[PDB]
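Novice: Below is the file protein_16.pdb, with PDB, C-alpha atoms and all ligand atoms.
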```
ATOM      1  CA  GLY A   1       0.000   0.000   0.000
ATOM      2  CA  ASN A   2       1.121   3.485  -0.861
ATOM      3  CA  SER A   3      -1.904   5.024   0.951
ATOM      4  CA  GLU A   4      -4.242   4.676   3.985
ATOM      5  CA  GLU A   5      -7.224   4.246   1.586
ATOM      6  CA  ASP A   6      -5.617   0.997   0.299
ATOM      7  CA  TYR A   7      -6.397  -0.671   3.658
ATOM      8  CA  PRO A   8      -8.710   1.608   5.661
ATOM      9  CA  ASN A   9      -8.858  -0.835   8.645
ATOM     10  CA  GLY A  10      -5.217  -1.819   8.399
ATOM     11  CA  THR A  11      -1.856  -0.466   9.601
ATOM     12  CA  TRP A  12       1.410   1.044   8.448
ATOM     13  CA  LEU A  13       4.447  -1.153   8.141
ATOM     14  CA  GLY A  14       7.424   0.947   9.214
ATOM     15  CA  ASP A  15       6.491   4.317  10.729
ATOM     16  CA  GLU A  16       3.515   6.364   9.546
ATOM     17  CA  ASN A  17       5.450   9.481  10.562
ATOM     18  CA  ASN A  18       8.089   8.743   7.861
ATOM     19  CA  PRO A  19       6.707   8.938   4.305
ATOM     20  CA  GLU A  20       9.820   7.195   2.917
ATOM     21  CA  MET A  21       9.754   4.218   5.351
ATOM     22  CA  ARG A  22       6.043   3.323   5.490
ATOM     23  CA  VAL A  23       3.825   0.887   3.566
ATOM     24  CA  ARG A  24       0.086   0.418   4.173
ATOM     25  CA  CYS A  25      -1.020  -3.153   4.813
ATOM     26  CA  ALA A  26      -4.072  -5.218   5.717
ATOM     27  CA  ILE A  27      -2.975  -6.127   9.273
ATOM     28  CA  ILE A  28      -5.395  -4.607  11.811
ATOM     29  CA  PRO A  29      -4.013  -2.370  14.640
ATOM     30  CA  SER A  30      -4.465  -4.859  17.492
ATOM     31  CA  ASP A  31      -2.847  -7.658  15.450
ATOM     32  CA  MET A  32       0.128  -5.451  14.618
ATOM     33  CA  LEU A  33       0.612  -4.733  18.366
ATOM     34  CA  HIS A  34       0.361  -8.502  19.075
ATOM     35  CA  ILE A  35       3.070  -9.190  16.465
ATOM     36  CA  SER A  36       5.239  -6.436  17.998
ATOM     37  CA  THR A  37       5.257  -7.991  21.460
ATOM     38  CA  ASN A  38       5.106 -11.730  20.624
ATOM     39  CA  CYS A  39       7.682 -11.937  17.786
ATOM     40  CA  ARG A  40      10.931 -11.496  19.674
ATOM     41  CA  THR A  41      13.475 -11.666  16.852
ATOM     42  CA  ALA A  42      13.589 -10.021  13.451
ATOM     43  CA  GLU A  43      13.408 -13.403  11.714
ATOM     44  CA  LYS A  44      10.312 -14.507  13.656
ATOM     45  CA  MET A  45       8.649 -11.150  13.037
ATOM     46  CA  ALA A  46       9.434 -11.345   9.286
ATOM     47  CA  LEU A  47       7.962 -14.850   8.949
ATOM     48  CA  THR A  48       4.874 -13.927  10.985
ATOM     49  CA  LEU A  49       4.322 -10.800   8.914
ATOM     50  CA  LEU A  50       4.644 -12.964   5.791
ATOM     51  CA  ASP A  51       1.735 -15.174   6.995
ATOM     52  CA  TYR A  52      -0.454 -12.110   7.737
ATOM     53  CA  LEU A  53       0.348 -10.448   4.398
ATOM     54  CA  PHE A  54       0.448 -13.333   1.873
ATOM     55  CA  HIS A  55      -1.949 -16.273   1.705
ATOM     56  CA  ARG A  56      -0.184 -19.636   1.847
ATOM     57  CA  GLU A  57      -1.325 -20.327  -1.720
ATOM     58  CA  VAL A  58       0.477 -17.140  -2.819
ATOM     59  CA  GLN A  59       3.610 -18.093  -0.812
ATOM     60  CA  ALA A  60       3.636 -21.503  -2.535
ATOM     61  CA  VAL A  61       3.983 -19.925  -6.017
ATOM     62  CA  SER A  62       6.122 -16.932  -5.085
ATOM     63  CA  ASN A  63       9.520 -15.886  -3.789
ATOM     64  CA  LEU A  64      11.455 -12.635  -3.376
ATOM     65  CA  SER A  65      13.056 -12.519  -6.817
ATOM     66  CA  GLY A  66      10.207 -14.141  -8.746
ATOM     67  CA  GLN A  67      12.424 -16.966 -10.077
ATOM     68  CA  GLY A  68      11.994 -20.716 -10.044
ATOM     69  CA  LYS A  69      11.945 -23.953 -12.007
ATOM     70  CA  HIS A  70       8.670 -23.222 -13.827
ATOM     71  CA  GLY A  71       8.347 -19.594 -12.737
ATOM     72  CA  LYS A  72       7.507 -17.882  -9.473
ATOM     73  CA  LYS A  73       5.721 -14.613  -8.903
ATOM     74  CA  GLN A  74       7.635 -11.955  -7.074
ATOM     75  CA  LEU A  75       6.253 -11.270  -3.597
ATOM     76  CA  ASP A  76       4.817  -7.729  -3.823
ATOM     77  CA  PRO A  77       7.955  -5.571  -3.713
ATOM     78  CA  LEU A  78       6.484  -2.592  -1.873
ATOM     79  CA  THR A  79       5.109  -4.896   0.862
ATOM     80  CA  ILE A  80       8.558  -6.510   1.197
ATOM     81  CA  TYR A  81      10.099  -3.029   1.606
ATOM     82  CA  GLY A  82       7.493  -2.423   4.287
ATOM     83  CA  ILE A  83       8.652  -5.578   6.120
ATOM     84  CA  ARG A  84      12.256  -4.334   5.886
ATOM     85  CA  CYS A  85      11.282  -0.954   7.359
ATOM     86  CA  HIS A  86       9.151  -2.570  10.100
ATOM     87  CA  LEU A  87      12.058  -4.817  11.164
ATOM     88  CA  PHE A  88      14.437  -1.844  11.077
ATOM     89  CA  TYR A  89      12.252   0.228  13.410
ATOM     90  CA  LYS A  90      11.735  -2.728  15.819
ATOM     91  CA  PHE A  91      15.191  -4.385  15.794
ATOM     92  CA  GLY A  92      17.661  -2.216  13.885
ATOM     93  CA  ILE A  93      18.475  -4.715  11.146
ATOM     94  CA  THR A  94      21.695  -4.344   9.102
ATOM     95  CA  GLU A  95      22.248  -5.197   5.438
ATOM     96  CA  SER A  96      23.690  -8.579   6.488
ATOM     97  CA  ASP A  97      20.645  -9.247   8.668
ATOM     98  CA  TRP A  98      18.288  -8.368   5.841
ATOM     99  CA  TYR A  99      20.011 -10.739   3.401
ATOM    100  CA  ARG A 100      19.565 -13.546   5.885
ATOM    101  CA  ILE A 101      15.921 -12.611   6.641
ATOM    102  CA  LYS A 102      15.301 -12.751   2.887
ATOM    103  CA  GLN A 103      16.831 -16.268   2.826
ATOM    104  CA  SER A 104      14.397 -17.254   5.612
ATOM    105  CA  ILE A 105      11.410 -15.806   3.675
ATOM    106  CA  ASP A 106      12.431 -17.714   0.567
ATOM    107  CA  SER A 107      12.785 -20.940   2.627
ATOM    108  CA  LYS A 108       9.274 -20.416   4.000
ATOM    109  CA  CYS A 109       7.925 -20.006   0.448
ATOM    110  CA  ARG A 110       9.698 -23.254  -0.578
ATOM    111  CA  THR A 111       8.159 -25.042   2.433
ATOM    112  CA  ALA A 112       4.673 -23.710   1.417
ATOM    113  CA  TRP A 113       5.199 -25.263  -2.022
ATOM    114  CA  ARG A 114       6.454 -28.629  -0.662
ATOM    115  CA  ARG A 115       3.475 -28.914   1.723
ATOM    116  CA  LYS A 116       1.122 -28.898  -1.292
ATOM    117  CA  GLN A 117       2.869 -31.913  -2.912
TER     118      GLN A 117
HETATM  119 BR    BR B 201      13.534  -4.159   0.004
HETATM  120 CL    CL B 202       0.081   0.062  18.819
HETATM  121 CL    CL B 203       6.001 -21.049  15.762
END
```
Would you encode the structure as structure tokens?

Specialist:
Amino acid sequence: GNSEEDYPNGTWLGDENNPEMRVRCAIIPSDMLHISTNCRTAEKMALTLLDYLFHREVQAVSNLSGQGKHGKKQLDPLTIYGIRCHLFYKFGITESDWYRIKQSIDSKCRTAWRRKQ
């Protein structure tokens, strides 16, 4: 989401006060606060956000780059940037951290695909 109207009942990933580090999403306010306090590492928060933001059927046919053996859709890039910003504001992730978090997201998408077979 670039705007509040995209998800009127949702939340901002990142910080609403920063136009360059915010992405509107479908997660409701109380659920976002639950994720904040229950997901105690950046990796756990990333993977939990992924399950709130992308249906498992979408995860099964997607990955970050949109590449695979018979094609994969890219996970929505603006939403992924929103995850990055959200993790930065909560945990202070570095570039190295983010690369690894991306590896964990891609592994989760591969697991979603395997579970369907
Ligand atoms: Br990004
Ligand atoms: Cl809150
Ligand atoms: Cl778990």

Novice: Name each residue within 9 Å of ligand BR 201 (chain B), counting only C-alpha atoms and all ligand atoms, as a PDB file with C-alpha atoms, in the frame of the given file.

Specialist:
```
ATOM      1  CA  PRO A  77       7.955  -5.571  -3.713  1.00  0.00           C
ATOM      2  CA  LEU A  78       6.484  -2.592  -1.873  1.00  0.00           C
ATOM      3  CA  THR A  79       5.109  -4.896   0.862  1.00  0.00           C
ATOM      4  CA  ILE A  80       8.558  -6.510   1.197  1.00  0.00           C
ATOM      5  CA  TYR A  81      10.099  -3.029   1.606  1.00  0.00           C
ATOM      6  CA  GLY A  82       7.493  -2.423   4.287  1.00  0.00           C
ATOM      7  CA  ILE A  83       8.652  -5.578   6.120  1.00  0.00           C
ATOM      8  CA  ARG A  84      12.256  -4.334   5.886  1.00  0.00           C
ATOM      9  CA  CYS A  85      11.282  -0.954   7.359  1.00  0.00           C
ATOM     10  CA  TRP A  98      18.288  -8.368   5.841  1.00  0.00           C
TER      11      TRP A  98
END
```

Novice: Using 7 Å as the limit and counting only C-alpha atoms and all ligand atoms, can you tabulate each residue of chain A that touches ligand CL 202 (chain B), with its shortest atom-to-atom distance in Å and the two atoms involved, as CSV?

Specialist:
```
residue,atom,partner,partner_atom,distance
A:29,CA,B:CL202,CL,6.3
A:30,CA,B:CL202,CL,6.8
A:32,CA,B:CL202,CL,6.9
A:33,CA,B:CL202,CL,4.8
```

Novice: Could you dump the residues just selected with C-alpha atoms as a CSV table (one decimal), in the frame of the given file?

Specialist:
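This went into again-v4.csv:
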```csv
chain,number,residue,atom,x,y,z
A,29,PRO,CA,-4.0,-2.4,14.6
A,30,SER,CA,-4.5,-4.9,17.5
A,32,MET,CA,0.1,-5.5,14.6
A,33,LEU,CA,0.6,-4.7,18.4
```

Novice: Write out as number ranges by chain each polymer residue whose atoms come within 7 Å of residue 61 (chain A), counting all atoms listed in the file; drop sequence neighbours fewer than 6 positions from it.

Specialist: A: 72-73, 113

Novice: Looking at only C-alpha atoms and all ligand atoms, which of A:52, A:105, A:19, A:44 is the one that sits closest to ligand CL 203 (chain B)?

Specialist: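 So, comparing all the options, the nearest one is A:44.
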
Novice: Find the spatial neighbours of residue 36 (chain A), counting all atoms listed in the file, within a cut-off of 10 Å - ignore same-chain residues fewer than 6 positions away - and output them as a list in words.

Specialist: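 Residues meeting the cut-off are residues 30, 45, 86, 87 and 90 of chain A.
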
Novice: Which residues, named as in the file, does the PyMOL selection byres (((not hetatm)) within 12 of (chain B and resi 203)) pick out? Answer as a PyMOL selection string.

Specialist: chain A and resi 38-40+43-45+47-48+51

Novice: Generate the coordinates of N, CA and C atoms for region 2-17 of chain A; report them as an mmCIF file, keeping the file's coordinate frame.

Specialist:
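Full text of out_21.cif as output:
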```cif
data_model
loop_
_atom_site.group_PDB
_atom_site.id
_atom_site.type_symbol
_atom_site.label_atom_id
_atom_site.label_comp_id
_atom_site.auth_asym_id
_atom_site.auth_seq_id
_atom_site.Cartn_x
_atom_site.Cartn_y
_atom_site.Cartn_z
ATOM 1 N N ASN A 2 0.552 2.118 -1.045
ATOM 2 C CA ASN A 2 1.121 3.485 -0.861
ATOM 3 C C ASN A 2 0.231 4.353 0.034
ATOM 4 N N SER A 3 -1.068 4.069 0.161
ATOM 5 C CA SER A 3 -1.904 5.024 0.951
ATOM 6 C C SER A 3 -2.829 4.381 1.989
ATOM 7 N N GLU A 4 -3.318 5.188 2.934
ATOM 8 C CA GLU A 4 -4.242 4.676 3.985
ATOM 9 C C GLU A 4 -5.500 4.064 3.345
ATOM 10 N N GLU A 5 -6.019 4.689 2.281
ATOM 11 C CA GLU A 5 -7.224 4.246 1.586
ATOM 12 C C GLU A 5 -7.075 2.830 1.046
ATOM 13 N N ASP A 6 -5.840 2.359 0.821
ATOM 14 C CA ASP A 6 -5.617 0.997 0.299
ATOM 15 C C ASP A 6 -6.144 -0.036 1.303
ATOM 16 N N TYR A 7 -5.954 0.229 2.574
ATOM 17 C CA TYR A 7 -6.397 -0.671 3.658
ATOM 18 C C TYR A 7 -6.933 0.187 4.787
ATOM 19 N N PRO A 8 -8.196 0.617 4.697
ATOM 20 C CA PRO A 8 -8.710 1.608 5.661
ATOM 21 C C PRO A 8 -8.622 1.126 7.111
ATOM 22 N N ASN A 9 -8.808 -0.171 7.328
ATOM 23 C CA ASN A 9 -8.858 -0.835 8.645
ATOM 24 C C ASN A 9 -7.523 -1.449 9.011
ATOM 25 N N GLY A 10 -6.503 -1.188 8.230
ATOM 26 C CA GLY A 10 -5.217 -1.819 8.399
ATOM 27 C C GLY A 10 -4.249 -0.972 9.196
ATOM 28 N N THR A 11 -2.971 -1.064 8.837
ATOM 29 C CA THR A 11 -1.856 -0.466 9.601
ATOM 30 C C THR A 11 -0.753 -0.054 8.631
ATOM 31 N N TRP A 12 0.156 0.745 9.150
ATOM 32 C CA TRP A 12 1.410 1.044 8.448
ATOM 33 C C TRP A 12 2.533 0.114 8.892
ATOM 34 N N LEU A 13 3.122 -0.569 7.944
ATOM 35 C CA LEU A 13 4.447 -1.153 8.141
ATOM 36 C C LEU A 13 5.454 -0.032 8.167
ATOM 37 N N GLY A 14 6.417 -0.102 9.070
ATOM 38 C CA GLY A 14 7.424 0.947 9.214
ATOM 39 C C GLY A 14 6.971 1.986 10.213
ATOM 40 N N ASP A 15 6.955 3.235 9.824
ATOM 41 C CA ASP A 15 6.491 4.317 10.729
ATOM 42 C C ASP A 15 5.675 5.284 9.910
ATOM 43 N N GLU A 16 4.387 5.425 10.242
ATOM 44 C CA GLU A 16 3.515 6.364 9.546
ATOM 45 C C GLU A 16 4.110 7.763 9.514
ATOM 46 N N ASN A 17 4.894 8.136 10.512
ATOM 47 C CA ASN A 17 5.450 9.481 10.562
ATOM 48 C C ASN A 17 6.552 9.690 9.513
#
```
